[PDB]
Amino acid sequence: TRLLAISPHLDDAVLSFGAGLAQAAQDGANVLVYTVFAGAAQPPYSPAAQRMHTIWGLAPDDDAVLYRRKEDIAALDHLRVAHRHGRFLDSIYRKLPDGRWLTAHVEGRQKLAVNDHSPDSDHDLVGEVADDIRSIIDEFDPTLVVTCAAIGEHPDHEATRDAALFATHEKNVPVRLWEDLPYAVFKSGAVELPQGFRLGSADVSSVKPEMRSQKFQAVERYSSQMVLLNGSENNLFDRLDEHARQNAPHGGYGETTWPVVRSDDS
């Protein structure tokens, strides 16, 4: 088994699929977690990025990508799986064709806004990510690819998912999507896939308590993300446990994944 997990950001694969990854490794699978939006960023940073850096417990002008890459390596090391850090800039570092930042902070609004931009610029990014994923598929030769469902609709998650769908379709490798966590705790779960693709029936895994423990410990390696993920209740792991319990009231911990298959008449 050669399992390629494609994470949009430095944390998503561990949060959503860390128990699956750890179990795969223990079972003897060759596991590689490739993060798309791990590209190096350097000042000057936008006000919005500087705001995020502060929330992440860094100085505004710190090399946040470096800090997060080190966290990712620590977390994946904990799960005993390999990492690969991609070249694409997180949405907080990207610019529009016109020179404006992609993401902006709006005074008095907690949620960051995305500036409108061309259909072409979106298509081009997905195309580039798909190119890189096709190259990794050639290099790693996975028997299975898993990436995010993009529940929560983060643009980076949607770009990752779509590019993975295109690349795996072209290369004829099976693909599954994980339920994005913690997003799925506060979203409906329904997603809109690119034309021609649809989800098959869900699998809800049953993971041994040791795997849950190992996942949760790995999550804690993402120090920069903890305050943000824990919320005003300090209850990330409680919420993840409850979500798992909902989906398997007769079980222990688990993670929901769906196969992606071709739609009828496509």
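Quick note: we count residues from 1 along the sequence shown, nothing fancier.
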query: Missing-residue flag, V175, threshold a third of other entries; finding: no
query: Unresolved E107 in a third or more of other entries flanked by modelled residues; finding: yes
query: Higher-B stretch (mean Cα B-factor, as the entry records it), 9-17 or 247-255; finding: 247-255
query: 84-92 versus 115-123 - greater average Cα B-factor per the deposited record; finding: 115-123
query: Highest recorded Cα temperature factor - choice among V36, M226, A218, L66; finding: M226
query: Among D141, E71, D77, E128 - the residue whose C-alpha B-factor is largest in the record; finding: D141
query: Where the record places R109 (Cα B-factor, split into thirds across the chain); finding: highest
query: Ranked against its chain, the third holding the CA B-factor of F186; finding: highest
query: Among modelled residues of the same chain, the CA temperature factor third for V31; finding: middle
query: Ranked C-alpha temperature factor of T103 among modelled chain residues, by third; finding: middle
query: B-factor third for the C-alpha atom of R134 within its chain; finding: middle
